[PDB]
Each structure stands twice: as structure tokens, then as C-alpha cells.
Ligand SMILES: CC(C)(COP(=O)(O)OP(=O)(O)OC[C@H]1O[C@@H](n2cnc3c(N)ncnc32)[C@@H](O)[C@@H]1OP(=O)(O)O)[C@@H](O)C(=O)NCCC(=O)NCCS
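A single chain comes next, written as C-alpha cells; it is the form solved without this ligand.
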């Protein structure tokens, strides 16, 4: 028995390719314009006038028009510990998200599998990614059961990853699809803010920022190498990936899982760290490709907050349109953590196709997707678009 014969026959041939994208959000749509009034009332903080005004300026600066939240006024009224800034509430929050993550994930996955059009039994690997809650068996096992995947699907349960993990799940699905002939990877990012929602505190203005930004949603992909011509439909190709930790950024973004739920802290200037280190990431990715004009590639960036986007645009002298799809997703859904960049890929490919452009990457060939989050970590994914 030859291990090299087995290895050759086992592996796929071409680049890992995105073949379908499906998204989903909780039904409750929350307008940002009236959020400050709603939030300060539901957390019983209507007396904190100076703090409410501060929040109002945060929401107004957010560039977020609306968010979808599983949390409702009725749920919050049954959980006063959730509405305080710091009250023992993990068990309640966990009971919401252990169900809502996989539920929401299932709606996005069903849509992606419908688009792909192939039997669900051809799904050989499943990657599930959430920052909301944890359980054993995890959300990967719950989604295997809910969707009726084969019990031998190969699972990768990525918990407590944070905002930057839309990048991580592509970097992982790339290697699973490329290394294994026939592999078809379902990828599901599903993020629900019930573990981070909390009352306001004037000594914790970073925590308050998270209340203006974070929203819910789930996105699902089908990733595979060697698509079957005219049966499967490539959308984007992944070519190269990287993950790095920016210098001078220790403690920049932290989240702790405690008895009071998932806390959020911002100790450094994120927009300034990301914009100071984005050029280095682009040169690593693009220099080996002979490309140095960053307006000549299509862009996907995790919209941690609008300032990250403005500062990256300013630093590199991106034309205002480069961030359009990214900003459109921030405007319609807010910061959905790991799911955001996947929604941004969906928006771009849908707009490109609806608008009759020549490729799924806004008529351009090469593209870049970035994930930003705790560390301070930067994930990079180099993509190629597909004609039509």
C-alpha cells in the first residue's frame, strides 16, 4: 500500500471556490434613529441624560440605519438582569443563543444549499462560527441535525472568535476544499447579540459603543474545489490567505465571557491601528501578484465601525466607491461580527450581476477581503472574481 498513491488520489486540483451564498436575520428590525430612546428606556436609564446624549451621538455617527436583533422588548422585560450593565445573566443569555445561533444558521444554510442546487448529502465538511454562546455538543452538531446532513460530515466548531472570523472561516474552508477531492464545505457564520446586550454605564463608554454597533445575522457558503462545469456555479475563487497581529495593539479589543454575559472593551484606537497596518497586509498579498494599485481590485472589509472604513480609505486614497458594498451592509445590518464580510460578498456579487457588470467583483478581476478583531488581528483573503 503506497501512501503517495493514496495522497495523490485523495487531494483536489484547483482553487477553492465559493459556489453559493445565503443569508438570514432575526425578524425584529431595530431602527438606529430611535434606538437611543428605546435603549435608555428598556435599560431603565432614562435619568442618565448626559450619557443618553453621548449614545445618541454614537448612533448618529455609526452610519448604521437599522439592525436585526433576536432580542425584543418582551424578552428584555422578562430578563431584567440582561438590561443591567453587569448582572449575573449568562445562563439566561446562553439559553437564548444555544437555540437561536443554529436556528438562524439553518435559515442561511438552507438558502445557500438551494442556490448550490446539489444534494445535501454531498456536503463533506461543515464549519460553524459564532461568538455568541457555547455548548457541548456545539452548534455544528445542532446544524448537522437541523439540516439533515450526513452524520459523518467533518465538523469544525469555531467558537468565541470575534469580528475577524469571516476571514478565518474562508482561510480554513480553502484548505479543506483544496486538500480533499470532491469535498464540499458548508460554512455557517451566525452571530446573535443576546450575549453582549447590556445596560449603559458612564464609566464604560467603550462597552456603550458596542451597543450602538453590534447586530444579528447569519451567512452561509458552499465552498469546493473543481466545480462541475455548468452544474455548479463559481462566484469567487480564493487564491491566498494570511492572518497577522498588528504591532502595538495589545489589549486593543477584548471580550470576556463572564457570569454577566460577554463583556466588550476597546482600549486602543482601532481605526488608527488598522489603517497604520493595512498597507503592509496589502503588499504581502498583492506584491507577488504584481499589483500595487489598490483601486484596481475589489474590496471587502469588516465594518467594525465606520471610522475603520474612513481611515483605511483616507490612508490608501481609495476612491469613495471602493467601500460601497461594505458600507451598504453596515448601513442595513450594522456590525454582524463574523457574518458581515460574507453578507458583503453577497451584496457585491448580487449588485455586480444585477448591474450587468463583467465580473462578480464589480467588473474587476482581483480582490481582497479583510477581517479585523481581537488581537488586534487582521485576516486577509485574496480573491479572484468570476466572469458574469
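Numbering follows the first chain given and starts at 1.
Separately, the form solved in complex with this ligand exists; it is not shown, and the next lines address it.
In the entry with it bound, this ligand sits beyond 4.5 Å of every heavy atom of residue 65.
Taking non-hydrogen atoms only, residue 87 never approaches this ligand to within 4.5 angstroms in the entry with it bound.
Residue contact check for residue 58: one or more of its heavy atoms lie within 4.5 Å of this ligand in the entry with it bound. At the 4.5 Å threshold, heavy atoms of residue 227 stay clear of this ligand in the entry with it bound, well away from it.
Annotated contact segment (heavy atom within 4.5 Å of this ligand in the entry with it bound): 304-312, selected among 283-291, 143-151, 173-181, 304-312.
Checked against this ligand in the entry with it bound, the residues 95, 115, 250, 206 give one hit for a heavy atom within 4.5 Å, which is 206. Contact with this ligand in the entry with it bound, defined as a heavy atom within 4.5 Å, holds for exactly one of 238, 158, 270, 76, namely 270. Residues of 341-380 are not found to place any heavy atom within 4.5 Å of this ligand in the entry with it bound.
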